[PDB]
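The chain that follows stands alone, in the form deposited in one PDB entry, written as structure tokens.
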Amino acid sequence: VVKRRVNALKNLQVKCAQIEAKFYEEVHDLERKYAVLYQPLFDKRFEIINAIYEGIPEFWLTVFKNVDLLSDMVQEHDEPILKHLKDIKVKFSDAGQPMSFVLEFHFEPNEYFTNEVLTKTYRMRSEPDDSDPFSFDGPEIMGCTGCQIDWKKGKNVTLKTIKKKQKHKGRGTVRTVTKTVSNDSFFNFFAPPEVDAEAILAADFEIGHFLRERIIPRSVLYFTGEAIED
């Protein structure tokens, strides 16, 4: 009897979850509108960082160092390429298309890869999954497309060349067997696992979510450190 009413109001909660999905879609629409509104301010930020108009050295590398989540990713070979990160912007998906935020990491191309502008497109939970709508707390990240890096040969920080002497079994011929072993780097961010791999994907999603809500809108708060590492 009472359980029937609980189930009915559970259906009503599913409906409220649907309406909240529409609410968050319109919140993303407001996010596009306010991205246009930011466009003067964020462009002034971009120009000042690039010194286009009256930059800030290692701005984004610094902001990556002052935060535990991002500083843990920058290795010794990450800094030379990551300080070339000279702007970040979260393009918000156009209306009608699936909810996505395209982390734009323009990576002014210099001496390591040929990508003029780079991205780490992500995927939001636009609408609740029919299996469990209540899990829709909002736009949760449920995938990371990643780009296809056009590496300049010799600076592929994602791999390391390791060689060792060995002998052919039976034949005994000596060979310096060499192999390319995956190397930990922040740029492994940009070529994530194709949807331990799950843990990397979860950490990657958390990093992207943090970088959208806090790093970009509050970049200055983090370069100076005034803000907290939420």
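The first residue of the shown sequence is 1; numbering continues from there. Under this definition, the rigid core comprises the largest set of C-alpha atoms superposing within 1.5 Å between the forms.
There is another form of the same protein, the form deposited in another entry; it is not shown, and what comes next is about it.
- Compared between this form and the one not shown on the core, the listed residues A203, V177, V27, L37 keep their C-alpha shifts below 2 Å, save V177.
- The Cα shift for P133 between this form and the one not shown, taken after rigid core superposition, is 2 angstroms or larger.
- Compared with the form shown here, the Cα atoms of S182 and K164 move at least 3 Å closer together in that other deposited form.
- Note: the CA-CA distance for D132 and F210 expands in that other deposited form relative to this form, by 3 angstroms or more.
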